[PDB]
Every structure is written in structure tokens, then in C-alpha cells.
Amino acid sequence: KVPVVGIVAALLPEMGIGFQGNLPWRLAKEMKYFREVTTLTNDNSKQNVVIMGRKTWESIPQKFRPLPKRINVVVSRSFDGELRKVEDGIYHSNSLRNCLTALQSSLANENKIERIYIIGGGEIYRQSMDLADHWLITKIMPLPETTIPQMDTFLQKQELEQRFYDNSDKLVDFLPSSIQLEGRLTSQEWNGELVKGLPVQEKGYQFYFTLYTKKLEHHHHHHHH
Ligand SMILES: NC(=O)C1=CN([C@@H]2O[C@H](COP(=O)(O)OP(=O)(O)OC[C@H]3O[C@@H](n4cnc5c(N)ncnc54)[C@H](OP(=O)(O)O)[C@@H]3O)[C@@H](O)[C@H]2O)C=CC1
Ligand SMILES: COc1cc(-c2ccc(C)cc2)cc([C@@H](C)C#Cc2c(C)nc(N)nc2N)c1
């Protein structure tokens, strides 16, 4: 009932997302996008949830966690169960799946979560292909004289493009309405792939804000009593 949206910054063509527990770039504009998208709501009385694996949590600088103005959920298999408040702004869960079911109960949530953002990392994203309704992927490309950074963690692009289609034409409409983007929508070929979205450049990189949406499903079974 509440949308589940994975959100990620990935380097094309491998969709690399990390190296040695850290982001492989430092892009203030990309990070600003991430902040605004996850923080902002259309309804002023709601907040978003951000869910992340334990290793991702531990890599966020300590001055900046928990992420402000969002409900933070950290998942670890060594936590107690399925959704527990441990500090102001921090929930622990021992289960990505059960945590999502729990967050979705209108009795627990009072219909005051707008969206649930899944914010990483590799392990968590692997498991979220079947859980997310949408993906906000920042598609990052090294400009001509930019060294490709070393990377060790990757989005599952195969499974991605299996389950989802590039719905970037509807990106602007999908974002919370107060966000302001400086690009206009833009299709560009890059190493043999169509890259469609809203362009920025910063440091040695060009990047596009894109939206992926679940492909239409055939009606095989509805459960009847
Ligand atoms: N480019 C981007 O947009 C982003 C990139 N990243 C990158 O990803 C990398 C980190 O990814 P990765 O190492 O895979 O780690 P994760 O952040 O995905 O954390 C993995 C941990 O989460 C816990 N966990 C995983 N699945 C479950 C589950 N189903 N239920 C309960 N707990 C679970 C486990 O914790 P435990 O071991 O304690 O039991 C596991 O070791 C870093 O390089 C980081 O920079 C991260 C966020 C964004
Ligand atoms: C892997 O180490 C990390 C560090 C930070 C971080 C770094 C610096 C500061 C000042 C604040 C937070 C954030 C993250 C995670 C939570 C992220 C992210 C994410 C992004 C930047 N962009 C997009 N598009 N999606 C994301 N999930 C990880």
C-alpha cells in the first residue's frame, strides 16, 4: 500500500556502486538529490522511511546519522526481531522482508509514512529486486578524460532489466513536487546503451537521474477463499 522504492547511484556499464565499504565518488549534487528525494514528501504530515543494511549504516559519517527528517531502519541478522525502536530516529530489524510487512501495517504506521526508500547496500539491493515497486537509479558515466574508479560492489543489472522497464519519462512526475531539477529530459547513447533521464555534470562525471518501474504482469492466479 505504501510504495517501496530502491534508490542508488551506479556507474555504467557495470552498475558499480561501492568499493571497500565506501562510495567510489564524492558528488555533492548527486548526494543533494538523494537527500531531497528521501526527505521530501507531498504530504507535510508524513515522513519517508530509509532502510539500509548494517554495513551501509556503519559507513555513513557519525555526524550525519541517523539521516535527518526520515525514519531510519538498520537491518542486521544479529538484531532482535522484526522492527524495534532503539534510539530516537533509529529502528533495528533482523529481517528486510518482515521489516517491510511491519512498516506497511496501517495500525503501526497510522498512514503517516509516504514512501519507503531502500538505500543500500549491495546485499540489501540484491534482495530488493523482488520487493521494490520502483528504482531511482542515478546512472553515472566517467567523462572522456576521467579515470574509471575501482569498484567491488554492483547492482544486479540483469535482474533489474528483467523485472523493470526504464520509466524515466515519468521521473519528474514521480518525484515529490517541491524538488527542483536543473536538467531537461535527455536520451543519449553511451557504450551501446540508451541512457534516458535528467543530466548533471560534476567533477569528472556526467550522471542521469532515471526511474525504473515494474513491468506489467500477466494474471496467472488471484488467491480466493
Ligand atoms: N552507490 C550507492 O547508491 C550506495 C552504495 N553502497 C555501497 O555498498 C557497499 C555495502 O554493501 P554490502 O557490503 O553488500 O552491505 P549492506 O549495506 O547491504 O549490509 C549487509 C548487511 O546487512 C544485513 N542484512 C543483509 N540482509 C539482511 C536481511 N535479509 N535481514 C537482516 N539483515 C540483513 C547483514 O548484517 P549483519 O552482517 O550485521 O548480520 C549484512 O551483512 C559499500 O561499498 C557502500 O559504499 C551503499 C549504499 C548506497
Ligand atoms: C557508503 O557510505 C555512505 C555514506 C553516506 C554519506 C556520506 C557523506 C555524508 C555527508 C552523508 C552520508 C551515505 C550513504 C548511503 C546511505 C547512500 C546513498 C545514496 C546516494 C548518495 N545516492 C543515491 N542516488 N542513492 C543512495 N542510496 C553511504
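Because the Cβ atoms are built from the backbone with ideal geometry, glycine has one as well, and the counts that use them run over all protein chains shown. Rule-based calculations on the coordinates, nothing more; no lab input.
Taken together, the residues in region 75-109 that are within 16 Å of ligand 1 (Cβ to nearest atom) and assigned to a loop (DSSP other than H, G, I, E, B) amount to 10. Take the conditions in a helix (DSSP H, G or I), surrounded by 14 or more Cβ atoms within 10 Å (Cβ to Cβ), touching a residue at least 12 places away in the same chain (Cβ under 8 Å) and among the hydroxyl-bearing types (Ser, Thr, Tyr) and apply them to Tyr125. Does it pass? Judged against the criteria, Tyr125 is a match.
To keep it simple, each residue is scored yes or no on (1) closer than 16 Å to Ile179 by Cβ; (2) in contact with a strand residue (DSSP E or B) (Cβ under 7 Å, 6 or more places away or on another chain); (3) in a loop (DSSP other than H, G, I, E, B).
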residue: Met31; (1), (2), (3): yes, no, no
residue: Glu36; (1), (2), (3): yes, no, no
residue: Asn44; (1), (2), (3): yes, no, yes
residue: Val49; (1), (2), (3): no, yes, no
residue: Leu67; (1), (2), (3): no, yes, yes
residue: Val73; (1), (2), (3): no, yes, no
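The residue pairs whose first member lies in region 83-107 and is free of Cβ contacts under 8 Å to residues at least 12 places away in the same chain, whose second member is of a type in the set (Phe, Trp, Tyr), and whose beta carbons are closer than 9 Å, counting only pairs six or more residues apart or on different chains, are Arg84/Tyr91; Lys85/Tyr91; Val86/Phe79.
Just give me the residues in region 1-29 being assigned to a strand (DSSP E or B) and of a type in the set (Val, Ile, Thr), in sequence order.
Here is the first cut: in region 1-29, the ones assigned to a strand (DSSP E or B) are 4-11, 16-19, 22.
Result: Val4, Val5, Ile7, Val8, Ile17.
Residues in region 170-225 that are free of Cβ contacts under 8 Å to residues at least 60 places away in the same chain and among the hydroxyl-bearing types (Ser, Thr, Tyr): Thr186, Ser187. Taking the conditions exactly as written (among the aliphatic types (A, V, I, L, M), more than 30 Å from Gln201 (Cα to Cα) and either within 15 Å of ligand 2 (Cβ to nearest atom) or surrounded by 15 or more Cβ atoms within 10 Å (Cβ to Cβ) (or both)), does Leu100 satisfy them or not? Spelling it out, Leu100 is indeed among the aliphatic types (A, V, I, L, M), more than 30 Å from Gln201 (Cα to Cα) and either within 15 Å of ligand 2 (Cβ to nearest atom) or surrounded by 15 or more Cβ atoms within 10 Å (Cβ to Cβ) (or both).
Among the candidates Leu181, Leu194, which residue alone is surrounded by 13 or more Cβ atoms within 10 Å (Cβ to Cβ) and under 28 Å from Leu131 (Cα atoms)? Even if it seems obvious, please write down each step before you answer.
Values: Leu194 fails: surrounded by 13 or more Cβ atoms within 10 Å (Cβ to Cβ).
Checking each option against the conditions leaves just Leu181.
The residues in region 156-167 that are surrounded by 12 or more Cβ atoms within 10 Å (Cβ to Cβ), in a helix (DSSP H, G or I) and over 15 Å from the mean Cα position of the chain (by Cα) can be counted, and the count is 3.
Checking the conditions here, which among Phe19, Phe34 is near ligand 1 (Cβ under 10 Å from one of its atoms), aromatic (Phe, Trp, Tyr) and surrounded by 15 or more Cβ atoms within 10 Å (Cβ to Cβ)?
Working: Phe19 fails: surrounded by 15 or more Cβ atoms within 10 Å (Cβ to Cβ).
Only one candidate qualifies: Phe34.
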